[PDB]
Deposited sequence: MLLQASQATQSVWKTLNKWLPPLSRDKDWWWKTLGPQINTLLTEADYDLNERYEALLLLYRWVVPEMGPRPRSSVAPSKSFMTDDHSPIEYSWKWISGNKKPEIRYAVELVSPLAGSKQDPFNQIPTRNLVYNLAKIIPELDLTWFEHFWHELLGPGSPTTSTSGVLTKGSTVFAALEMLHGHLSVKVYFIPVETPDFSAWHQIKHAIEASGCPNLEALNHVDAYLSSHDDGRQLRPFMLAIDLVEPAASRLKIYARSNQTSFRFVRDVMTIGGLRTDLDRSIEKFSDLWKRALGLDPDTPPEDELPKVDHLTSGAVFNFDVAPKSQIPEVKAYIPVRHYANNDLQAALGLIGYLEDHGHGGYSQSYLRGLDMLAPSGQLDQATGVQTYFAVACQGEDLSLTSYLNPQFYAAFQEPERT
């Protein structure tokens, strides 16, 4: 084991740092091993974890109660893994998002816990010069700086994507809302001041959000960027709705019909939706889901409005934790879909990863491990991603 070797030879850590090391290291290491990552990349990932992430995770969990109301997950776990299914039986992509913390969190010196993520990004910029911080600094200044202004629990976090051979970094900004400045207002002004050459996709999304009947029901809340050249980065605007019928999801995926030639992709999406969510196969698409009242309940989407494209791209997130019956049932639904379409070469590796992450004896009894199933429509096929919560506090061992 890579983690066993590193833990055996790297210098020992404080109580909190050692807890985070001996918890995250095995999790990330198992996920990467099941995805058949090369040994060098597992070493690199765990060395990054030991050097730049573990020292900034703050106190270790010691009870069911979290030290913050972090927006990363529902139990405020500050770490979220993700497992992207690659078509053609290729190796899955492993990513993880983290919101680092400091003792100044909540104080006047960092009221929204922003400096640790900035520090992490700059450290990574020292090790990987390929990363570009132009758009990072621009959107940070626009959305979280002293000129920026109700909070969702966090205002920023970062994500590492191990893309087999190189590392990519992503930044999520969650603006603070005021009666005069909605999150969407701030995001739109930030993108307009970003310096993009072709704002056709942003204007399409704005028209859909403002004038369309169902598009008016989406509440923008988050913006994600890639730390690459601004011409090569995506601009992902996340939007939530209390509506949950599959008809609504179907229309949002098309952006009110702006996107065409997706009927087969949408039929496969409906099949996967009912399988993962445990619904009856004859569920009318206009039926709403049984009501779940939560901060992150309802249907979630993201629009990619990156200038390279004139038409925006939509990714939908099936909220497994809120509407499925249990983690094993949803996992088998997703896995059966993948097997029916010849894309399930890594299903058993995924199940071993789930069993690694799951609180002892709760996969078939509760939800929570799998937060989202992300679906995108690529021509006739689906691009799928599983999002995973280690549940440090909801499942405190």
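Comparing the deposited sequence with the modelled residues shows gaps at 1-10, 160-166, 415-419, with numbering starting at 1.
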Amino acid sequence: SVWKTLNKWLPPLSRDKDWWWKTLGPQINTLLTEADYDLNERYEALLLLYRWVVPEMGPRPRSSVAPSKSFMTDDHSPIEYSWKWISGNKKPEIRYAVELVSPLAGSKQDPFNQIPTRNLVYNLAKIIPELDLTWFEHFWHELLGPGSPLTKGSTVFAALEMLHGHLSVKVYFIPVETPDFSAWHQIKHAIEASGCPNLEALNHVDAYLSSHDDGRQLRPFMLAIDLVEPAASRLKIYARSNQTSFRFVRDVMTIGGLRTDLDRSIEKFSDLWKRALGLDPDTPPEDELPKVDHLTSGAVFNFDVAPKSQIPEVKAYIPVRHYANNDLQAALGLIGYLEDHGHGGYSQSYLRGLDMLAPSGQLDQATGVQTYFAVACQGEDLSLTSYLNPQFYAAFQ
From here on, numbers count along this sequence of modelled residues.
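Of the other compared PDB entries of this protein that include residues on both sides, at least a third leave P197 without atoms. In at least a third of the other compared PDB entries of this protein that cover both flanking sides, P149 is left without coordinates. Between 345-353 and 66-74, it is 66-74 that carries the larger average Cα temperature factor according to the deposited entry.
For the two regions 79-87 and 184-192, the entry's Cα B-factors average higher over 184-192. Taking only the listed residues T283, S270, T296, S154, the entry reports the highest CA temperature factor at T283.
Based on the entry's C-alpha B-factors, the most elevated value among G165, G278, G147, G106 belongs to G147.
Among the modelled residues of its chain, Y96 has a C-alpha B-factor that falls in the lowest third, as given in the PDB entry. Per the PDB record, residue ranking by Cα B-factor puts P116 in the lowest third of the chain.
In this PDB entry, the Cα temperature factor of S1 sits in the middle third of its chain's modelled residues. Among all modelled residues in this chain, the alpha-carbon of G361 has a temperature factor (C-alpha) in the highest third. Annotation for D110: CA B-factor lies in the middle third of the chain's modelled residues.
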